[PDB]
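Structural description and commentary
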Amino acid sequence: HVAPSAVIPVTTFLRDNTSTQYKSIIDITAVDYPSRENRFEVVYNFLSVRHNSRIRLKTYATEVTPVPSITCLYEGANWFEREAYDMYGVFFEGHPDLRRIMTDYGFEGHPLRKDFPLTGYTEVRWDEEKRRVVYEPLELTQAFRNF
Amino acid sequence: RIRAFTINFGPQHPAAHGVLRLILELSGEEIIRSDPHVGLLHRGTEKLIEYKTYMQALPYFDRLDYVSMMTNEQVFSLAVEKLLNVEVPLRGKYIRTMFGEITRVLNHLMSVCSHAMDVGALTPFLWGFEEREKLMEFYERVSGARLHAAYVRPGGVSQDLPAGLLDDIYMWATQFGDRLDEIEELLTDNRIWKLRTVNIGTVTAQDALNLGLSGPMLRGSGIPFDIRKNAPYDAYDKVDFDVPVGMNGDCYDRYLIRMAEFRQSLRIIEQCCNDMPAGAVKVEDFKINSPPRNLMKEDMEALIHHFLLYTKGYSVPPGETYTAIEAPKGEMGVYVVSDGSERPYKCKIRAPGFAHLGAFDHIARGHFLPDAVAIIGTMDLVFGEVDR
Amino acid sequence: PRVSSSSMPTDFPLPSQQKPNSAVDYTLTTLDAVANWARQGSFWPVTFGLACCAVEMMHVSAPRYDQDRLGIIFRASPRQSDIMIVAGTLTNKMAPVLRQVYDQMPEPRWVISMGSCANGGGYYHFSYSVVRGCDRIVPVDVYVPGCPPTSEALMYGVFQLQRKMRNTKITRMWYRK
Amino acid sequence: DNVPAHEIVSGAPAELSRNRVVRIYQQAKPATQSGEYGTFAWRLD
Amino acid sequence: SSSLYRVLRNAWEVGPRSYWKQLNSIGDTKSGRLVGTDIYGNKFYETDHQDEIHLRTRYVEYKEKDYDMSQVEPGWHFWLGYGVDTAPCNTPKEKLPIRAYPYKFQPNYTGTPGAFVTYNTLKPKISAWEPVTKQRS
Amino acid sequence: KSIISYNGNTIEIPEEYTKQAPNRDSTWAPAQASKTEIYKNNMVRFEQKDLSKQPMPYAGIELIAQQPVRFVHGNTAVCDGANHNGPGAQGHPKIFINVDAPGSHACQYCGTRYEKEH
Amino acid sequence: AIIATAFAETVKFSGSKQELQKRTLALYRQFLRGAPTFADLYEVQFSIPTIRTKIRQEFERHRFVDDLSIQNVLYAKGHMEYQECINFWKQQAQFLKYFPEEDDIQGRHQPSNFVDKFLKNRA
Amino acid sequence: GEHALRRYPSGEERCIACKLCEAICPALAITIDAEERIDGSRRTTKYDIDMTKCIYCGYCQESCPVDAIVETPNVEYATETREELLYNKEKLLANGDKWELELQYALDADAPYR
Amino acid sequence: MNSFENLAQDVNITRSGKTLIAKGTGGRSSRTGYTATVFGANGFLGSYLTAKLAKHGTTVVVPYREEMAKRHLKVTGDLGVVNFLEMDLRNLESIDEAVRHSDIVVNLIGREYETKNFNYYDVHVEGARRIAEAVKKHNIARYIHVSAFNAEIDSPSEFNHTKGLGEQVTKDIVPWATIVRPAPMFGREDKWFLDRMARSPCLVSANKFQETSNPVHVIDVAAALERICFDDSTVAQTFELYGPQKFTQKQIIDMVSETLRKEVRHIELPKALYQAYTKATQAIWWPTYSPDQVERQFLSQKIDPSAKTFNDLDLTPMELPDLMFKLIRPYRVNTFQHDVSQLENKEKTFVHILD
Ligand SMILES: CCCCCCCCCCCCCCCCCC(=O)OC[C@H](COP(=O)(O)OCCN)OC(=O)CCCCCCCCCCCCCCCCC
Ligand SMILES: NC(=O)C1=CN([C@@H]2O[C@H](COP(=O)(O)OP(=O)(O)OC[C@H]3O[C@@H](n4cnc5c(N)ncnc54)[C@H](OP(=O)(O)O)[C@@H]3O)[C@@H](O)[C@H]2O)C=CC1
Ligand code: SF4
Ligand code: SF4
Ligand code: SF4
Ligand SMILES: [Zn+2]
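The scheme used for residues numbers each chain from 1 in its written sequence order. That scheme is not guaranteed to match the entry numbering, and residues without coordinates are omitted from view. Chain letters start at A and ligand numbers start at 1, both assigned in the order the entries are written. Keep in mind that this is only part of a larger assembly, and the values describe that part, not the whole. The side-chain values count all of the structure's non-hydrogen atoms but skip hydrogen atoms and water molecules. Residues with missing side-chain atoms are left out of burial classes, side-chain pairs and their counts.

As documented in the archive entry, the model was determined using cryo-EM at 2.7 Å resolution.

The name given to chain D in the PDB entry is Subunit NUYM of NADH:Ubiquinone Oxidoreductase (Complex I), with Yarrowia lipolytica as the source organism. This structure appears in the PDB under the title "Structure of Yarrowia lipolytica complex I at 2.7 A".

The PDB entry annotates chain A as NUGM protein of Yarrowia lipolytica. UniProt positions are given in the numbering used here, feature names are shortened, and annotations may be inferred rather than shown by experiment. UniProt's Subcellular location (unreviewed entry) comment on chain A is quoted here verbatim: "Mitochondrion". Taken from UniProt, the Catalytic activity (unreviewed entry) comment for chain A reads in full: "a ubiquinone + NADH + 5 H(+)(in) = a ubiquinol + NAD(+) + 4 H(+)(out)".

**Digging into the overall build of chain D**
A tally of helices and strands in chain D yields 2 helices and 2 strands. In this description a helix means any DSSP run of H or I spanning at least four residues, a strand means any run of E spanning at least two, and both kinds are numbered starting from the N terminus. Reading chain D from its N terminus to its C terminus gives the helix and strand order α-α-β-β. The principal-axis extent of the C-alpha atoms belonging to chain D is close to 45 × 20 × 20 Å. Throughout, exposure labels follow a simple rule: accessible area from a 1.4 Å probe, protein chains only, divided by the maximum for the residue type, with under 20% read as buried, over 50% as exposed, and the rest as partly exposed. Counting across all 45 residues of chain D, residues that qualify as buried make up 7%. In chain D, 5 side chains carry a positive charge and 5 a negative one; their mean positions are 7 Å apart. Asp and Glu are treated as the negative residues and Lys and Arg as the positive ones, with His and the ends of the chain left uncounted. For this purpose, a charge sits on NZ of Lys, CZ of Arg, CG of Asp or CD of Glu.

**Some points on the environment of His-306 of chain B**
Position of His-306 of chain B relative to the elements: it lies in helix 13 (residues 300-311). Placed 209 residues apart in sequence, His-306 of chain B and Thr-97 of chain B show a C-alpha to C-alpha distance of 27 Å. In terms of polar contacts, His-306 of chain B uses its side chain to reach the backbone carbonyl oxygen of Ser-63 of chain H, at 2.9 Å. In protein, a polar contact requires one atom able to donate a hydrogen and another able to accept it; more generally it is a pair of N or O atoms within 3.5 Å, and residues adjacent in sequence count only if both atoms are side-chain atoms.

**Points about helix 7 (residues 249-260) of chain I**
Residue and element names in this part refer to chain I. If you check helix 7, its first and last C-alpha atoms are 16 Å apart, about what 12 residues at 1.5 Å a residue would give, namely 16 Å. Three or more residues of helix 7 are buried, namely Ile-252, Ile-253, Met-255, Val-256, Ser-257 and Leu-260. We call two residues in contact when some of their heavy atoms are within 4.5 Å. Considering only its buried residues, helix 7 is in contact with helix 5 (194-199), strand 13 (247-248) and helix 10 (320-328). Just downstream of helix 7 lies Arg-261, where phi reads positive at about 60 degrees. Helix span is expected to be 1.5 Å times the residue number reduced by one.

**Description of helix 4 (residues 158-173) of chain I**
Residue and element names in this part refer to chain I. Over its 16 residues, helix 4 extends 22 Å from the first C-alpha to the last, a length consistent with the 22 Å expected when each residue adds 1.5 Å. Extensive coverage of helix 4 is indicated by the burial of 12 of its 16 residues. Of the positions making up helix 4, those classed as buried are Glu-158, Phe-159, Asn-160, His-161, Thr-162, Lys-163, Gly-164, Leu-165, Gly-166, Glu-167, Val-169 and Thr-170. Packed against the buried residues of helix 4 are helix 3 (120-137), strand 7 (142-146), strand 8 (178-182) and helix 9 (291-296).

**Topic: the interface of chain A and chain B**
Across the boundary between the two partners, chain A contributes 44 residues, which contact 38 residues of chain B. Take the accessible area each of two parts loses on contact, using a 1.4 Å probe, and add the two losses: that sum is the buried area. Sorting the residues of chain A by area buried against chain B places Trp-79, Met-102 and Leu-118 of chain A first, and these three jointly supply 19% of that buried surface. What counts as a salt bridge is simple: a side-chain nitrogen of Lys or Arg found within 4 Å of a carboxyl oxygen of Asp or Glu. Taken together, the links from chain A to chain B amount to 8 salt bridges. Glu-83 of chain A is the partner of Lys-348 of chain B in a salt bridge, and the nearest nitrogen-oxygen pair spans 3.9 Å. Counting across the chain A and chain B interface gives 22 residue pairs in polar contact. Taken together, the elements giving at least two residues each to the side of chain A that touches chain B come down to strand 1 (24-32), strand 2 (40-48), strand 3 (53-61) and helix 2 (77-88) of chain A. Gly is put with the polar residues, along with every residue not named as nonpolar or charged; the nonpolar set is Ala, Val, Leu, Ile, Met, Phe, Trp, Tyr, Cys and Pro, and the charged set is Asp, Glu, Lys and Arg. Its residues assigned to classes, the side of chain A that touches chain B comprises 26 nonpolar, 6 polar and 12 charged.

**Looking at the pairing of strand 2 (residues 43-46) of chain E**
All names here are of chain E. Think of it this way: DSSP has to see at least two bridges between two strands before they count as a pair. Both strand 1 (residues 33-37) and strand 2 contribute to a ladder of 4 bridges, which runs antiparallel. Paired with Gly-36 across the strands is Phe-44, a residue of strand 2. Two strands pair when backbone bridges link them, and strand 2 and strand 3 (residues 58-61) are joined in this way by 4 bridges, in the antiparallel orientation. By the bridge assignment for strand 3, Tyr-45 is matched with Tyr-59.

**Describing the sheet that holds strand 4 (residues 142-144) of chain C**
Residues and elements named next belong to chain C. In spatial order, the strands read 1-2-3-4; together these 4 strands make up an open sheet with parallel pairing. With partners counted over all chains shown, the strands left at the sheet margins are strand 1 (45-46) and strand 4, one partner each. With 5 bridges connecting them, strand 2 (residues 83-87) and strand 3 (residues 110-114) associate as parallel partners. Pairing of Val-86 across the sheet is with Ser-113, part of strand 3.

**Section: the packing of helix 4 (residues 90-119) of chain B against helix 5 (residues 123-143) of chain B**
Residue and element names in this part refer to chain B. Relative to each other, helix 4 and helix 5 sit at 155 degrees, their axes nearing to 9 Å. As judged from the angle between their axes, helix 4 and helix 5 are roughly antiparallel. With respect to the hand of their crossing, helix 4 and helix 5 are arranged in left-handed fashion. Where helix 4 abuts helix 5, its residues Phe-99, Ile-102, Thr-103, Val-105, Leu-106, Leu-109, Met-110, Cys-113, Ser-114 and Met-117 lie against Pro-124, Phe-125, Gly-128, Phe-129, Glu-131, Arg-132, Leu-135, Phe-138, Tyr-139 and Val-142. To get an axis, fit a line to the C-alpha atoms, keeping to the stretch in contact for a helix; angles then go from 0 to 180 degrees between the N-to-C directions. Here the word oblique covers every angle except those under 35 degrees (roughly parallel), over 145 (roughly antiparallel) and from 65 to 115 (roughly perpendicular). For any pair of crossing helices, the crossing counts as left-handed if the nearer helix is rotated counterclockwise from the farther one by less than a right angle, and right-handed if it is rotated clockwise.

**Here we look at the site of ligand 2**
The criterion for a residue being near a molecule or strand is simple. One of its heavy atoms has to lie within 4 Å of it. Around ligand 2 sit 21 residues, and of these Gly-40, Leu-45, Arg-65, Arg-111 and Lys-163 of chain I come closest. Of the chains in the model, those with residues near ligand 2 are chains C and I. At 3.4 Å, a backbone N or O of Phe-44 of chain I approaches an oxygen atom of ligand 2. Within the side chain of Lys-163 of chain I, one N or O atom sits 2.9 Å away from an oxygen atom of ligand 2. Its residues assigned to classes, the shell around ligand 2 comprises 12 nonpolar, 4 polar and 5 charged.

**Topic: a negative patch on the surface**
Only residues whose relative accessible area exceeds 30% and that form no salt bridge are eligible for patches; like-charged ones are grouped when within 9 Å, while nonpolar side chains (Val, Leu, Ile, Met, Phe, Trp, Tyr) are grouped when within 5 Å. Only the protein chains shown count as cover for residues, and all accessible areas are computed by the Shrake-Rupley method using a 1.4 Å probe. A contiguous patch of negative charge, built from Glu-298, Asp-299 and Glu-301 of chain B together with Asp-80 of chain F, is present on the exposed surface. Structurally, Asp-80 of chain F can be placed in the loop between strand 4 (76-79) and strand 5 (95-98).

**Looking at unusual backbone geometry**
At the junction of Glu-107 of chain C and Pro-108 of chain C, the peptide bond is cis and its omega measures out at -5 degrees in the coordinates. Here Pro-108 of chain C lies in the loop between helix 3 (95-103) and strand 3. Here the bond from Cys-147 of chain C into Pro-148 of chain C is cis, since omega is 0 degrees, no more than 30 degrees from zero. In this structure, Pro-148 of chain C sits in the loop between strand 4 and helix 5 (151-166). In this structure, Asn-2 of chain D takes a positive phi of about 55 degrees despite not being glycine. Among the secondary structure elements, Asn-2 of chain D is positioned in the segment before helix 1 (7-10). Residue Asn-2 of chain D is classed as exposed on the basis of its relative accessible area of 80%. Notably, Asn-150 of chain I is not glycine yet its phi reads approximately 55 degrees, a positive angle. Position of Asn-150 of chain I relative to the elements: it lies in the loop between strand 7 and helix 4. We classify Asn-150 of chain I as buried; its relative accessible area is 7%.

Laid out in structure tokens, this is it:
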């Protein structure tokens, strides 16, 4: 359990120290806890094939406060950090090319936030007048039932 | 200045087995930069799971890597069982192991014989898909679905094995080896196969770790790591199998690894068909699993529990877990968070193809375009898992 | 003498209940039969597999069910294709590509919607990224249900489209027009 | 004041910011049941 | 077996009429014993020869030229498919379902006027006022 | 039968197809729509279609009233809609019906009625 | 390593409004310079002046923001959109989300007072 | 495969509007409405399945305590229009009346295991 | 949210007594309450009209002849909005089935050529009369009939003669009918105007390229029909939808070749020869330029001043020169770049053959 300023040092320790040879990046994720002042919890999962052990590292972030990128240490973190940005909006400072990876090319919003609705804000159809695929507001023939 | 030319390998095209937009930049024949654009099969699985009970959420995992269904639901079941702190019975463990290796056979029959087809060998595809049909029949006999079984669930298995299935699985196993051998006669010692595979897609062990690769991609570089041996989960600690590991990090070594994995899966299936125990196939705690119907229709507690499990669901303790399996694609994992409720708070799937397609840029630089096809084929990329 | 009247018939049968009774009717019937037989016996869809329904398509190309026995060859480019089998979920990032592929197809062209995800959005109906049916993007001629629809079910859908084109009036409708 | 306007970066529609009203409430203890676990959480709807 | 002696031997077993019917319908020459017939008129056969492979032992001879698997009555749709070893011709009386209504077999009617028209079995939830007027007395 | 449409015109439907079921003319629940209301509100989708071939299953409210009353010696009747001809449960949960009162009494899953031998 | 794409910019959060000023003005310059490319790549049915008018509108939308970190996020997302537009990643369908004004008039009755909205149940 | 609503040998319909199939359905394909029948019985007035939402998982067939909703072995029901796949109560009951014998074979084989 | 831009209100009562309560915000899943029947929906204007009607949930009944020409209309709306019926004007039960349940009927039926089974009279007058008698028998609230411009009972052209006779029998049978008189409609996949100007190997005119008309965009005519459908102000009226600016065919061809950057070929050979060539080319089965069209080549647009116009519908049309770019750019070749001088010394810095 660490702070954002402490990501790069601790990860260097977890990568280079002889007793803690966590060399494989497994996953980078974020979790929204909107009751916390720092809403997003950025989670890291690491594996050591040397010692056959796993470790986890957690930091925190906001919609506007960034986190240091560990691409300088683990190249595999690139796509994961991109996904975390695309889904949650967490900005990773130091990232070479941080852009959406999963969502549509003009998607407005970060889906896995708890305030983002399941069905989103927009939908698509084919307009015969314009001869184009048009993005329009949402209307469902059957409304979602939460239960 | 070396001006580069941008070709879209194709949002719709044959080599991608699924839907991929690989924006490559070439200087002549050589790739210098690649930009795999994904999300064309992003369906919002990980947000939908947040609105579903743990039972309602399980068919999300059959549809992530859709050639290896039972292993995905196996890892989700393992995660939810680790949170629930329940023990699957021995028969359920043996069933899960046997069918996980049947699933591995199916995945490798798709992967090797689609890699072959994309490299140009058309005939192994059509040979292997009949064996796929023969195993799909066992899937259908146990679950009722050819592909999406929804069979391995949290707590074990949905239904016991029907009568006369082990005999037929043994009948298939008596002949599958010759099918493997006939595929190897075409591919293994062939000149053109070796030309298209030897010293293509080379990745070092250090970079294989740094990029997050696992499975054959990590074992071809020389690292002996397999989660079934290093962290056994269901019954792999009660069955004898060897792990293939290769040098030289090439695609030929990955192909040989996958064929050795075929043969070891067959070994495991033999042992499970010989040593299948008796007993229940799901946990005998009706607060987690449905009771039998003849008790639900005669016992009051059984019916109450049926009602609640099928309406509200079982409530999982609060916490979080990352657990993983040696899926046929590599290390597949699920990071679940429980809020004490019947529905997950967060479910992230660590798909093995995400990391591999991310490493495509490092692996395919300096190669010609015919070699990119082989690299995509040895990564064994299904895009439901890449995009989730 | 400028025309000021009309002996135009009433009670004239509609196409789907019109029986031939003249030599020209039988001649046009035979021409339509030949054209439709060719459209059936050469049935070339475009390779538009997006998701796990493509596994069943491939199994329909496998030895047990051999699509080639019925004349079926899957063609990479739409310019050589007559059918589009939408086999997989349609994401909002993929629908323009689907419509471009469809519009690149030469007429005659048909569309089969394979699977729940393509028919009505399916399992992912309530997502933020999925189209609630290729109906919204392209017009559909036959809907194959399932998740996945078995290889037999897709073959049944191919037979239903074969029946549709077998009952299609090409020259007879011109003779009506 | 000086509370940050995360609405500008949310990507959400502006109609939520200008037209809509939410309610913040604790779920009332049901008359049908003597349980109280659904309470103690502050719902936003 | 994909050999010529097979088709010659079967076409000697089933006469030339059956040969031309099978060539116009199935495309292959099959000889088997008649197991039964369904309510629609489709005849169902079973083979005992070693030449025929797994899943090619049971087959159908449709009655309509415009054949369709939907025309196969239930029970036979399961027997044809290797679900039950016993046909609904030879099933016991006690395994048969009891029906208090008349059995009506209707195949798929898609592409026809008999296609299913879906509708709402309910009426509107909110009933409106049928206006009636009163005078100010 | 001819049904007056909302635009003022007539919708001619035969009598066989205005029945709610072939074994019952009327509805068996308040919120259930009559076939006349169905046609009057959806005739645009019924127009060139064959009513011969649409689904018109038999109603159980009239078939369970044909089934005779069962009689028991006691205050309780036990019902389990079991098959007795194939394995497994295949019925509804076991239910005990009180029958002390004068009339007949039905199960809640099936509508099998029971009386106290009088 | 995994190298960046054509017009990528490393994410670097300014610690000053005066530096982010220059960054934003450079991004505005780049959008304006690339508008002809946006009209050629996407088969656009309207002027290059119209594209620049739209760019200016979207840059004016966030003109009176003063929180530095929000401005940093807006700059980062603007550069993301520039990279998505100049590299032909978007299609015409997504590019023309910015341009609803250029499509023909949406019907006759567009309320702007109370009674209109009332008769249409939008008040 | 294709869905069906079953009856008792009485002819009465098995379903009792408990809404467990509506509740467990991961795709929200089932839509149900019920009230008190004229003879005092708990029975449905609406039962709809959108096949274009359904995933053919069998959770409804597992959840039913009366063996009312089932899945037949049929796969040969493809259509030309999507409005034909919005199955309603009458369609499902007719399908059960059609497929009861196949369902009885399947039940006699399968019920002990579930 | 979406909006019902076509409706002024949400509770709408028809002239036949039906109460129509609009349901929703105005999207795909919304419903206006209205039912419509568009008789030429397969075609050029009808496709746009049905799209605009079904965008908001107006239940469109589409009578069709060829099953394959209509399929693109089912995409225009949700499930149950677009309904198809097989129709022939030689079958009265068909027309009654099509118009039974509707509040709005639109006749867009018309051919620019004569066929073996339908002369100009049989399609423009007798077909209109059959549809109009159905509309009168079923007391349909609104009937909106499209008659081509320059329609006149006795005229040089049989097309305009028959269109005027249709515009009379409609008005005599259905006095509450609205008659819309469109001018030459241009747009995408147009019938005989712009696609023809840009694809044809050679244009011909018996006259000079001198017939004058005000051309109008098909989408704006469809919009005007949409507004006429829901505006009950428009019963028993006539509309002349003609557009802002006047042009000759020569002016439009000059515009087309300035947009296209290619020289459109035209011939200008006499009348007695072209008319005979057209009369001969009616023997092939596919549509060709008809002899009555080269008759109409001498008949410029005479606008009726007593008839209503666009501005009565609060619509302002586009005109051809601003949309010609959008419409003709698919046929633009774009041969090469401009003035590759000043490219030499910058090109000298790049690598052109990799060693
Ligand atoms: C041994 C060998 C013996 C061979 C035997 C062969 C015998 C043939 C006898 C043919 C006699 C009957 C011909 C009837 C065919 C018409 C079929 C039909 O009814 O319609 C289908 C197709 C439709 O074309 P279309 O009118 O545009 O409709 C669009 C929506 N379906 O209709 C068609 O397919 C029409 C095809 C027309 C092709 C001509 C293409 C144009 C080439 C010249 C340029 C003229 C372009 C003008 C286009 C209009 C521009 C405004
Ligand atoms: N396009 C123009 O420039 C102008 C058009 N108009 C008029 O406006 C309307 C627009 O039509 P347009 O936009 O030109 O595109 P079309 O003229 O192609 O629309 C023609 C429609 O008429 C139908 N039709 C023709 N003959 C018959 C018939 N005998 N029986 C049944 N249906 C028939 C066609 O059906 P199918 O497709 O099955 O043949 C098609 O739906 C027509 O009334 C036309 O006369 C007036 C002035 C200019
Ligand atoms: S319908 Fe089912 S099998 Fe087909 S793509 Fe969707 S989830 Fe996969
Ligand atoms: S089996 Fe089909 S209808 Fe039943 S719950 Fe699953 S998806 Fe829904
Ligand atoms: S079908 Fe079964 S589970 Fe569904 S409401 Fe009826 S009785 Fe309950
Ligand atoms: Zn009972």
